[PDB]
Amino acid sequence: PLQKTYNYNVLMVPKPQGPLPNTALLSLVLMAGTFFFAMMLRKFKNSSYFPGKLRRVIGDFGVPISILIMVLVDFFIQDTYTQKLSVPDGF
Amino acid sequence: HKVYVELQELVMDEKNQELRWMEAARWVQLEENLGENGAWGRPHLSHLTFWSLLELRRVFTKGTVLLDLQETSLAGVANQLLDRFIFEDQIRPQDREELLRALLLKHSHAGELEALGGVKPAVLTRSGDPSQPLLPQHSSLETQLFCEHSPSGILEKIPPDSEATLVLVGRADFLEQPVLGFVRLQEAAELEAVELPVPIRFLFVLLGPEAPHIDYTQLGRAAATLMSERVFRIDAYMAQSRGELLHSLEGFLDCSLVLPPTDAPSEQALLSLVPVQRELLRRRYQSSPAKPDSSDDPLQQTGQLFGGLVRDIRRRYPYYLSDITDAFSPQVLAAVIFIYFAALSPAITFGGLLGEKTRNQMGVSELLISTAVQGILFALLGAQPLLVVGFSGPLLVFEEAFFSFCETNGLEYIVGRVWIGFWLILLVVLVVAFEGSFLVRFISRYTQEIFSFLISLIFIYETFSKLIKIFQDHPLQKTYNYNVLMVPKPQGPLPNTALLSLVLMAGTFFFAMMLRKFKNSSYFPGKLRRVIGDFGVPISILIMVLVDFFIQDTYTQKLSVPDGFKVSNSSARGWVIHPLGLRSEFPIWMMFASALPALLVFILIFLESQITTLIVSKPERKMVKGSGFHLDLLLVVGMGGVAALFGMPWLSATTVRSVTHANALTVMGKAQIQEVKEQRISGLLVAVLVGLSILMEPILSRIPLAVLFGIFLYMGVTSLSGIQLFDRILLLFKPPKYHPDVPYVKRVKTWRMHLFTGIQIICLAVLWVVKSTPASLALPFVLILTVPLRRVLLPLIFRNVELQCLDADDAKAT
Amino acid sequence: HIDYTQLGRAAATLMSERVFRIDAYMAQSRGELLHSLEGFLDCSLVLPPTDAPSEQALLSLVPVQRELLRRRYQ
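## Description of the overall build of chain B
Scanning chain B from terminus to terminus reveals 33 helices and 14 strands. By the compact-globule yardstick of 28 Å for 814 residues, chain B is too spread out, its C-alpha radius of gyration being 37 Å. Projected onto its principal axes, the C-alpha coordinates of chain B cover approximately 115 × 65 × 55 Å. With 814 residues in all, chain B has 49% of them scored as buried. Accessible surface, chain B: about 40,800 Å² in total, of which carbon and sulfur atoms supply 64%. Positive and negative side-chain charges in chain B, numbering 72 and 75 respectively, have mean positions lying 9 Å apart.

## Some points on the overall build of chain C
When its secondary structure is counted, chain C shows five helices and one strand. Going from the N terminus to the C terminus, chain C shows its helices and strands as α-α-α-β-α-α. Against the 2.2 N^0.38 benchmark of 11 Å for 74 residues, chain C shows a C-alpha radius of gyration of 15 Å, more extended than a compact globule. With respect to the three principal axes, the spread of C-alpha positions in chain C is 45 × 35 × 15 Å.

## Looking at the interface of chain B and chain A
Taken together, the contact pairs 20 residues of chain B with 19 residues of chain A. Between chain B and chain A, the buried area comes to about 2,000 Å², and carbon and sulfur atoms account for 60% of it. Summed over the shared surface of chain B and chain A, the number is two salt bridges. The partner of A:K4 in a salt bridge is B:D553, and the shortest N-O contact between them spans 3.9 Å. Linking chain B with chain A are seven residue pairs in polar contact, by the criterion used here. Of all the elements, helix 18 (residues 497-519) of chain B adds the most residues to the side of chain B that touches chain A, at four residues.

## Description of a nonpolar patch on the surface
All names here are of chain B. Among the surface-exposed residues, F510, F511, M514, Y523, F524, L528, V531, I532, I539, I543 and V547 lie close enough to one another that they form a single nonpolar patch of about 1,000 Å² accessible area. Elements with a contribution of two residues or more to the nonpolar patch: helix 18, helix 19 (526-534) and helix 20 (536-550). With respect to the element layout, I543 can be found in helix 20. A relative accessible area of 37% places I543 in the partly exposed class.

## As for the environment of B:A653
Residues and elements named next belong to chain B. Secondary-structure assignment places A653 in strand 12 (residues 652-653). Considering only alpha carbons, one finds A653 and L633, 20 residues apart in sequence, at a separation of 9.6 Å. Among all residues touching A653, those that are not within four sequence positions of it are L387, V388, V389, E608, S609 and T612.

## Notes on the interface of chain C and chain B
In many analyses, interface size is given as the accessible surface area lost on bringing the parts together. With 29 residues of chain C at the contact, the number on the chain B side is 37 residues. For the pair chain C and chain B, the summed buried surface comes to about 3,300 Å²; carbon and sulfur atoms form 66% of the total. The interface formed by chain C and chain B contains one salt bridge. Between C:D51 and B:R230 there is a salt bridge, with the nearest N and O atoms lying 3.9 Å from each other. Remark: the boundary between chain C and chain B carries eight residue pairs in polar contact.

## What to know about the arrangement of the chains
Looking at the two pairs of chains with contacts, the pair that accumulates the most is chains B and C. The two units chain A and chain C remain apart, with a minimum C-alpha distance of 28 Å.

## A look at the UniProt feature "intramembrane region" in chain B
Mapped onto this numbering, the UniProt entry gives "intramembrane region" at residues 759-789 of chain B. What you have in residues 759-789 of chain B is 77% helix and 0% strand, and the ends, taken at the C-alpha atoms, are 11 Å apart.

## Observations regarding the packing of aromatic side chains
In total, this model carries 31 aromatic pairs over all chains according to the counting rule given. Their ring planes at 90° and their centres at 6.4 Å tell us that A:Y6 and A:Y8 sit as a pair that is edge-to-face. Look at A:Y6 and you get buried, because its relative accessible area is 5%. What makes A:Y8 partly exposed here is its relative accessible area of 22%. With a centroid separation of 6.0 Å and an interplanar angle of 80°, the aromatic rings of B:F756 and B:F798 are classed as edge-to-face. Of this pair, B:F756 sits in helix 30 (residues 750-772) while B:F798 sits in the loop between helix 32 (786-793) and helix 33 (800-806), and the two are 42 residues apart along the sequence. Accessibility expressed as a relative area gives 2% for B:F756, which makes it buried. Of the aromatic side chains, those joined through ring pairs into one cluster are B:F398, B:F402, B:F403, B:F405, B:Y413 and B:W650. Between B:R441 and the ring centre of B:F442, over which it is positioned, the NZ or CZ distance is 5.6 Å.

## Here's the deal with the pairing of strand 1 (residues 4-13) of chain B
Residues and elements named next belong to chain B. By the criterion of burial, strand 1 is predominantly enclosed, with 10 of the 10 residues buried. Sheet topology places strand 1 next to strand 7 (residues 164-169); six bridges connect them, and they run parallel. Paired with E9 across the bridge in strand 7 is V169. By the bridge criterion, seven bridges tie strand 1 to strand 2 (residues 20-27) in an arrangement that is antiparallel. Bridging from a neighbouring strand, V5 pairs with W27 of strand 2. As consecutive antiparallel partners, strand 1 and strand 2 are separated by six residues. Pairing between strand 1 and strand 6 (residues 119-120): two bridges, direction antiparallel.

## Some words on the nonpolar core
All names here are of chain B. Ranked by size, the top nonpolar core spans 73 residues in total, and within it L424 and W650 carry the most contacts. Per-element tally for this core: the top contributor is helix 22 (residues 595-616), with 10 residues. Discounting residues that sit within four places of it in the chain, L424 has contacts with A598, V601, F602, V637 and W650.

## What to know about the side chain of B:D235
Residues and elements named next belong to chain B. Residue placement: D235 occurs in helix 8 (residues 230-237). At 6.9 Å, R284 is the nearest oppositely charged side chain to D235, a buried residue that forms no salt bridge. Once residues within four sequence positions are removed from consideration, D235 is found in contact with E244 and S248.

## Topic: empty space enclosed by the protein
All names here are of chain B. Approximately 310 Å³ is the volume attributed to the largest cavity. Taken together, 19 residues line the largest cavity, and the ones lying closest to its centre are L74, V77, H107, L168 and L191. Each pocket or cavity is described by its volume, and for the second largest cavity that value is around 220 Å³. Along the wall of the second largest cavity there are 20 residues; nearest its centre are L99, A102, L103, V205 and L207. In terms of residue class, the lining of the second largest cavity is made up of 18 nonpolar, one polar and one charged.

## Topic: unusual backbone geometry
All names here are of chain B. Phi is positive for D68, which is not a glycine, with a value near 55°. Following the sequence through the fold, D68 ends up in strand 4 (residues 64-69). Phi at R359 takes a positive value of approximately 55°, unusual for a residue other than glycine. Looking at the secondary structure, you find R359 in the loop between helix 13 (330-357) and helix 14 (364-381).

## What about the pattern of salt bridges?
All names here are of chain B. As enumerated under the stated definition, the model contains 33 salt bridges over all chains in all. Between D312 and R315 there is a salt bridge whose closest N-O contact spans 2.7 Å. Remark: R315 and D312 occur in helix 11 (residues 307-316); sequence separation between them is three residues, near one turn of the helix. Of the charged contacts, one joins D473 and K469 as a salt bridge, the two residues approaching to 3.7 Å between their closest N and O atoms. Residue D473 and its partner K469 are both found in helix 17 (residues 445-473); the two are separated by four residues, about one turn of the helix. Residue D473 is classed as partly exposed on the basis of its relative accessible area of 45%.

## Some words on helix 9 (residues 242-254) of chain B
Residue and element names in this part refer to chain B. Over its 13 residues, helix 9 extends 18 Å from the first C-alpha to the last, a length consistent with the 18 Å expected when each residue adds 1.5 Å. Considered for burial, the residues of helix 9 that qualify are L245, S248, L249, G251 and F252. For helix 9, the buried positions fall inside an angular range of 160° around the axis, keeping them on one side. Looking at the packing, one finds that the buried side of helix 9 touches helix 1 (50-60), strand 4, strand 8 (179-189), helix 7 (216-228), helix 8 and helix 10 (274-284).

Definitions and limits used
Residues numbered from 1 in each chain as written, not as in the entry; some residues may be left out. Chains lettered and ligands numbered in written order. Part of a larger assembly, values for the part shown. Heavy atoms only, no water. Helix = DSSP H or I, 4+ residues; strand = E, 2+ residues; numbered from the N terminus. Rg over C-alpha atoms; globule rule 2.2 N^0.38 Å. Buried < 20%, exposed > 50% of the residue type's maximum accessible area, 1.4 Å probe, protein only. Areas by Shrake-Rupley, 256 points an atom, 1.4 Å probe, with all protein chains shown as cover. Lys, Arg positive; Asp, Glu negative; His and termini not counted. Charge placed at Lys NZ, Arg CZ, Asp CG, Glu CD. Contact = heavy atoms within 4.5 Å. Buried area = accessible area lost by both parts, 1.4 Å probe. Salt bridge = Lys/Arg side-chain N within 4 Å of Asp/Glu carboxyl O. Polar contact = N/O pair within 3.5 Å; in protein donor to acceptor, adjacent residues only side chain to side chain. Patch = residues over 30% accessible without salt bridge, like charges linked within 9 Å, V, L, I, M, F, W, Y side chains within 5 Å. UniProt positions renumbered as here; feature names shortened; annotations may be inferred. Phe/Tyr/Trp six-rings, centres within 6.5 Å; stacked < 30°, edge-to-face > 60°. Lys NZ or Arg CZ within 6 Å of the ring centre and 35° of its normal. Pairing = 2+ DSSP bridges. Core = buried A, V, L, I, M, F, W, Y, C linked by side-chain atoms within 4.5 Å. 1 Å grid on protein atoms, 1.4 Å probe; cavity = no way out; pocket = protein on both sides within 12 Å on 5 of 7 lines; lining within 4 Å. Points joined across faces, edges and corners; volume = space filled by probe spheres on them. Nonpolar A, V, L, I, M, F, W, Y, C, P; charged D, E, K, R; others polar. Expected span 1.5 Å × (residues − 1). Arc of directions from axis to C-beta.

The following block contains the structure:
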């Protein structure tokens, strides 16, 4: 939640215990940014702005480009915590 | 001179199955028709169709004509006209027993119909019972467009001395061919089918069975518009036989003008059909003894002293009552609510910056008072009441430079501004005396587009810079300190401020974009849809203010205004400044040399205001009432000087605020710019609100600062529409296959337009670099140096037709 | 009641239309042409001699013509 003060000797090894400062809003920011980029590339696919070959090539790769952009954006931010993907160790 | 024409058909009522006569339209110089509601549509010009006139000619070639018959009642008319149709063998004698009762039926108006319930078309049969038509029917064109108080205006338009005509149209299955009767009475007669007290002279009867390419309503419309013309009516008043009517009918058809259906209709190519209709009018009135009824520059050098001021006053001030009255729409209220915040926020920002920059010699309250007074006076006495006065950036830069100079040389500051204001007053009086504003003529579209594009770009850049500053003040860290006192200003970073601000900005922009597009959709009833779409910005602001109000523990920067109408620094300043000296007396040489900065301030203010008035009042934005240049310049500069007398700052016309105001007060058609509401109430109310803003602490203290960033971005994006350099820059990327159909695409090759755009972009870049250079005050000069570039250098590279097609002075005509 | 130049102009305005020339390409007898001419003339508007201001009179026609041109293409 959005509070006035948090505890900062929280161990987040198994899972984040207690609230955290910037997770809730950064997550929303990332979702809205990814959605906006996907929609904008989807609309650019149908536009008439670039040469047809490169235009269609760029428009067909909209979702992976937006995913890569947002992954890099999250990679540049260091101190804020955001939930990540995790898979089992072995078969 | 002016006559009344009535048309009634024989139809059936929804109440009970029957037949009776109901009127369908009326003609006094115009057509008025009614729908199913019983309400009469707004009068309009009558438009003919091919089959109506053609079949009218065909039936008129074989029509019985009875001239000056002496009757006053309807039954004797019926008897004599049916004897006439028997006489010339137009109908069989075994039909008369039907047709008599066809005629002797009731004739009711619209007021009876609501109790009746409404009517629908029906056909006479041989029996005497209504019946449905066999051939299919289509919805009428005039009722769909026009129908989907009045009688007082009908009796007002009609002169008291007039006579009327009536036409009775109907379908009857027991006939062979359509028949026509045309009777002119001996004397005027009152008839019980017409409730109006006017008498009747002429009478038509148009009957027939059903046939293809014949619509009896359209035929009646043709007959009525035939009767309404002045010359044919005069001929019928003097007609003595049938061939006279035939020749007059041929003269009527000869001076008719028919236009066919096309592929893509337009208005601009259609305006070239004015003179040929006039010549047909003249050739039509060539045959008539009667005669038909219907047969300046804002900037200009005049040979008189002060000519421009008087010209603009005489041109504008006659519209004052309309300017007062046109403010009663709610769109004006929405525009007021928008521009209030749009003008209040930069006022506060510049006030705080100037107070912290000049050691609080001038602050927020003085700027607020100046904005209020200089808005009120300009809205009350102005020639163009759509301008928005306020503080700018270059004025702040000049204040910075002058304060640095006065700190270095060792003189006072608020005292020298008084002499600067005096010199400004003298200079503007001298300039207005010699009408030296005609030089605005030389500023072409080039500089206007460059200036507007640069201004909007700087606006967006500064907005994003503000956001990045907010992000810089409260970074994203792993731990914060929480025994922090936030009473004077937030010390240290905060957890959720930086991201909540961004969320609010994006939310305001996104909601604004959701409502602006819904305004143009087709999703709700038109009235409520337009009402909701016109209030988009205040609705989004209210929603987000409530959303922020629900969140309790997170901190967000809010709006804050001074406590009362007090001076910024009460230690060294007063409400009035003594010109001779505040603390130490002022030197003489500075008194005489203060003219040098006054010239630069005058150049800045003049350039900005005149370019703003040029951009705002272009012919393309459907601006009806005239706009004045000399009066606005005189008012602005003189009032700026008088405000500089009191130590308060001078103001100038703003580009983005004025363009946003003008765009907000525009009613658009389903797109085409239908019209633009020009009035003086909006600016006056905005100024009064900015003045009283200091008394609205509890409401304003709850509006977060991050919401207005979304509105600023929305404003910056919307103000970017009309720029043509922006369109030509967008065309730099599209392949030449998708280029639009404007003249500058077809007339010139592509790689020449690209060269033009590149030159203009280089000019933009040079202006930007000079703006970043510490020699920023030399920005206006460089700008006017783009004017010679257009006059000399470009004709050395391009050709004349390319230059006329690209740099076009009018948008519609190129 | 015959002027050959205006009759030729009317023929040219016939030939410049889309749907009429499409029917002329699809024509195989005189009946189809007569039917297409009937359909073309069914969607015209005639202007009587009026003393109104000419620009306002000409600008009042626009939505009527738009509705007629929507009806013709059906």
